[PDB]
Each structure stands twice: as structure tokens, then as C-alpha cells.
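Here the structure comes first, spelled out in C-alpha cells, and everything after it is commentary.
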2 protein chains.
Amino acid sequence: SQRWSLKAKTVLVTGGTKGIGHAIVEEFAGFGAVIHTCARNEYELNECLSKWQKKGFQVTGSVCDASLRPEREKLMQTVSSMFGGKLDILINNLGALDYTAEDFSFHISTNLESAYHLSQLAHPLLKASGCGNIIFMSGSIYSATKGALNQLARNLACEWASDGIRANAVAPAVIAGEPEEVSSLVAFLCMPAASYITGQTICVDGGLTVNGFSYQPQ
Amino acid sequence: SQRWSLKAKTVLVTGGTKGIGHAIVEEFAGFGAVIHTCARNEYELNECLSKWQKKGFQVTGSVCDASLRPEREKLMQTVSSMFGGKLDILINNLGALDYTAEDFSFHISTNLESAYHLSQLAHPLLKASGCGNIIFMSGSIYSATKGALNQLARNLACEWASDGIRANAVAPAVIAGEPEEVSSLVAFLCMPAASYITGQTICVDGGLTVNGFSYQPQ
């Protein structure tokens, strides 16, 4: 039906050349969505774009270091011009001899800033779509980042609902199957069929029970 | 009893001249604990130290901008020398025309870095105590910070338990009584009576129920 279709929906997925981001691009491409992605290494971008267009996938890309403010502004500029000022889906895929406090601080703030800024740059585009979706896809360092990201996600969901923008966060399992499998949940959340789903922070962990009591990632 | 006593326990509380930090200093001082606190404004520090010593409170202080690495190293140096290399309690009290992404990022990383670093600087001191305690006391900006801090708290609780160090996070209510009242929960958590309590992230919110269904701060 039309509710379970992502056909011709415009998507921006950061870091689409590898890992979950690459799996997310393919998942959406399988549904006939129009995707734009980015990466720092232009040759690997070229490599993926090549292997994709042959599979009949509608994907374009640009070189970008999403950790840099000016790079994020240019990226969204490229996206607005190619999608005609409208963007249906934004997949904020965060980047993945012992880390110090400065390292801890830097990685957490770089991740949180890129995701926050990217969402703000896309806001007007997402608003013009009339049915925009944002997905935040992202130990110790990761846990704290995830904790911050979930909150931002829940805030934007309430803050931008009147603009018709939904926001959800998704995390791969801690205890496992390929973690890339989560791409299908990401896709479902962006379907009209899931228009009432917002503010969710889902971790598809295997989970565990002790003495009959369940335990899951916090 | 001895389990519910904080008498002569050494405490470092950051930002003790105002708000909850000031309430925490007084709460512990009421229990006969020995406290060291800090602040950027030396005159207000002097003001509090004066009003405190008269009440018979055992509190010393030093000027410090906990947002600066070298300032945090000096602070812990002062604490180690005055408490004899041992520290029982560390109260990481975070600092409290619209914020941008850089502002968002800066405040969250400055808070998370100060708290993380301060805990690492105190670690050896807390370890030498044999029964150390750490408390992390701390919209949109706050929510994300809190989300990150809670995770760090839960991590240190598991990571440092073998050193005899417990770690818990406490947050004042969102929906209310003075928010400063939470100082008593902070004090309880640091008592030998609460030695088995670690890894907790407690928000003493008023809470609310809708149509019979409860809702609380995430």
C-alpha cells in the first residue's frame, strides 16, 4: 500500500559508505527512495555510488566531513538544490593508549554538535516536506553519547511536531546476526505507516535475564 | 549509629557558594563533615566561609574555575594536601537570543569534561579512603547533559567498585518546596548506611499521572 512505501522519498544519510550507514542506504534504495549521502574519502564514495547505480539504486553523493560546520552547511545546500528545497528523511548517522577527558569531551561534543546542527539545517527542508522524519543512528564514550542523543531526539520530537516533523533514535544491539540488520527498523520508522511514531529511543539488543529478572541496556 | 554518621568525613564540593552546592555544603556541615569547596569569585567564597565558620561549620575553600583543566589539577592538589591524600566524598556539582549548536556543544562538553576529569583526579584519593563516594549533581541543554552524566555515573559505579568507590547521580525536580531540599538525599547516599547503593540515577521530581497513567522525567 501507499502507507508502507518509501518510493521517491528523498533521503539524506551521512556516512553512507560503510557500516550501518551503508546498510541504511541500501535498505532505502531497495524501497525506491532517492538518496543523497556523504563521506570524507571521495574514492570510496565513488566506489559505493558505482556499485549502487548498477543495482538500479538512485543515490548521489558529495565529499563532506560532517564534523566541520562549513562542511555541514555546504552539504545541506547541495541537498536542498537537488531535492528542490524539500527533504523527507534525515538519517543522522554518527561517526564511530586509552581515551582521556579531552578525548571523551571532544568525541561527545563533536557528535552531539554535528547531529544537532545537521537537524537545524534540515529543519526548513523537512518542514516543507509536510511529513519529515529524523533518525539519530548511534563503551563509556558511546554510552554517554547515546544518553545525550536520546534526549535531544525526544526534545526535537516534541519541539518540531507542529511542523510535521517526527524524530526517533535507534541503536544497534550491544549483545547480538549483523548489526546492519537494524536498517529495516530505520526504514519502517520513516514510512507513512509509522507517522504516529515519534520520540522513541529503541535499542534492538538481544537482552538478558538473570534468575528470571530481565536486564537491558540503559 | 556509626552507619548514619558523616562525622569527620572529608568532602570536596564544587560550586559551594550558591544554589544546591551551597545547600549540600551546609547539609554535610550539619553532620560534622570536613568540607572543602571552591568558586570563581573569591569574595563570595570568603562571604560563605565566614558565615559558615560562625555556625561551627568545618569548611575551607579555594578560588577555582572548574571549567579549566589546570584549575582542576590545582584544586585536587589542594584537597590532597589538606585531607592527607585521602578523600571520602566527591560532589561533582555542575554549573548552571537562543543557544546555538556551538553553545549546545560547548556547555555539554564542558560539563561532561569537568565532571569526568575531576573524578579521575580524585580517584586515587577516593581509593585511599577505602570507602569513597562520588555524586554527580546536575531545558534541552540540561536534558542532554543529564543524559550523558547519568551514563558516566553508571559506568564509574561498575568500573570503580573494586576500588571501593560508589557513584550515583542525583537531579532536582522538574515539577516541584525548595529544590535545595535534595541535599539530604545527597547526604544519605554518602553514608556508610548506604554503602550498597551505587549506579543510581535519581530525579526527585513531583511526577504526574494522566488518566491514571504515570509520567516522569526521562
Side-chain angles (χ1 to χ4, degrees), chain A residues 1-39 45 48-49 51-62 64 66 72 75-94 115 117-138 153 156-157 159-170 172 180-202 204:
Chain A
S1 67
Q2 290 302 71
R3 289 186 307 117
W4 292 74
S5 164
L6 292 165
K7 167 69 169 173
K9 290 291 179 177
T10 51
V11 190
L12 165 56
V13 50
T14 54
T17 63
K18 59 188 63 180
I20 295 64
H22 183 102
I24 287 168
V25 171
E26 303 213 353
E27 190 78 59
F28 279 115
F31 278 96
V34 180
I35 303 101
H36 185 70
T37 188
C38 65
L45 178 58
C48 291
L49 288 177
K51 297 182 182 180
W52 283 327
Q53 64 179 62
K54 205 66 198 71
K55 290 183 177 182
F57 295 166
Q58 178 81 171
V59 188
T60 53
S62 49
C64 175
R72 294 191 294 268
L75 176 60
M76 205 60 68
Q77 179 181 178
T78 298
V79 169
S80 186
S81 77
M82 69 176 66
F83 294 158
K86 298 185 177 183
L87 172 66
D88 295 305
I89 310 297
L90 168 62
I91 306 299
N92 281 298
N93 174 46
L94 287 303
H117 191 214
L118 228 43
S119 304
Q120 287 185 157
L121 287 169
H123 185 56
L125 280 54
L126 293 163
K127 183 186 177 183
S129 85
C131 62
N133 270 115
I134 296 172
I135 289 61
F136 296 85
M137 268 286 352
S138 185
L156 293 195
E159 190 74 12
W160 296 345
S162 58
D163 291 309
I165 292 63
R166 277 63 188 69
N168 291 282
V170 177
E180 291 67 39
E181 295 179 67
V182 71
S183 57
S184 66
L185 165 60
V186 176
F188 172 66
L189 294 172
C190 297
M191 290 177 179
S195 53
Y196 56 93
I197 305 182
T198 191
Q200 302 299 309
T201 54
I202 307 177
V204 291

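We name chains A, B, ... by the order of the sequence lines, and we start the count at 1 in each one.
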>> Under the criterion side chain to side chain contact (heavy atoms under 4.5 Å, CB included), I'd like the reasoning laid out for A/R72 against A/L121: C-alpha separation, chi angles, the key distance, then a yes or no.
In response: CA-CA 8 Å; A/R72 294 191 294 268; A/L121 287 169; 3.9 Å; yes
> Rounded to the nearest 0.5 Å, how far apart are CE of A/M191 and CD of A/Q2?
Replying inline: 11.5 Å
>> Please report the interatomic distance CG(A/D88) to CG(A/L12), rounded to the nearest 0.5 Å.
In response: 12.0 Å
> Pick one: which of A/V170, A/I135, A/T37, A/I35 meets side-chain contact (heavy atoms from CB on, under 4.5 Å) with A/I91?
Replying inline: A/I135
> How long is the span from the CD1 atom in A/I165 to the CG atom in A/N133, to the nearest 0.5 Å?
Replying inline: 9.0 Å
> What distance separates A/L156 CG from A/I134 CD1, expressed to the nearest 0.5 Å?
Replying inline: 6.0 Å
> In Å, rounded to the nearest 0.5 Å, how long is the span from CE of A/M137 to CD1 of A/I20?
Replying inline: 6.0 Å
>> If you compare all heavy atoms of A/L90 against all heavy atoms of A/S119, which two are closest, and at what distance to 0.1 Å?
In response: CD2-CA, 3.8 Å
>> A/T201 vs A/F136, test: side chain to side chain contact (heavy atoms under 4.5 Å, CB included). Steps then yes/no.
In response: CA-CA 9 Å; A/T201 54; A/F136 296 85; over 6 Å; no
>> Using the rule side-chain contact (heavy atoms from CB on, under 4.5 Å), only one of A/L185, A/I89, A/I24 pairs with A/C190; which is it?
In response: A/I89
> NZ of A/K86 to OG of A/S129: how many Å apart, nearest 0.5 Å?
Replying inline: 8.5 Å
> What class does the angle between the rings of A/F83 and A/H36 fall in, given that below 30° is parallel, 30 to 60° is tilted and above 60° is perpendicular?
Replying inline: perpendicular
> Which heavy atom of A/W4 sits nearest a heavy atom of A/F31, and at what distance?
Replying inline: O-CE2, 4.2 Å
> Between the side chain of A/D163 and the main-chain N/O of A/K127, is any donor-acceptor distance below 3.5 Å?
Replying inline: no
> If you take all heavy atoms of A/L87 and A/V79, which pair is closest and at what distance?
Replying inline: CD1-CG1, 4.4 Å
> Looking only at heavy atoms, which two atoms of A/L6 and A/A187 are closest? And how far apart?
Replying inline: CD1-O, 4.0 Å
>> Assess the residue pair A/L75 and A/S62 against the criterion (side chain to side chain contact (heavy atoms under 4.5 Å, CB included)); give the C-alpha distance rounded to whole Å, side-chain angles, the decisive distance to 0.1 Å, and a yes or no.
In response: CA-CA 7 Å; A/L75 176 60; A/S62 49; 3.4 Å; yes
>> Within the 3.5 Å criterion, strictly below it, is a donor on A/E26 or A/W52 matched to an acceptor on the partner's side chain?
In response: yes
>> Run the side chain to side chain contact (heavy atoms under 4.5 Å, CB included) test on A/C131 and A/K9 for me, step by step, so that the C-alpha distance in whole Å, both residues' side-chain angles and the decisive distance to 0.1 Å come before the verdict.
In response: CA-CA 10 Å; A/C131 62; A/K9 290 291 179 177; 3.7 Å; yes
> Between A/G199 and A/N168, what is the shortest heavy-atom contact and its length?
Replying inline: N-OD1, 3.2 Å
> Which heavy atom of A/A167 sits nearest a heavy atom of A/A157, and at what distance?
Replying inline: O-CB, 3.7 Å
> Is A/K51 close to A/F57 at the side-chain level, that is, under 4.5 Å between some pair of heavy atoms?
Replying inline: no
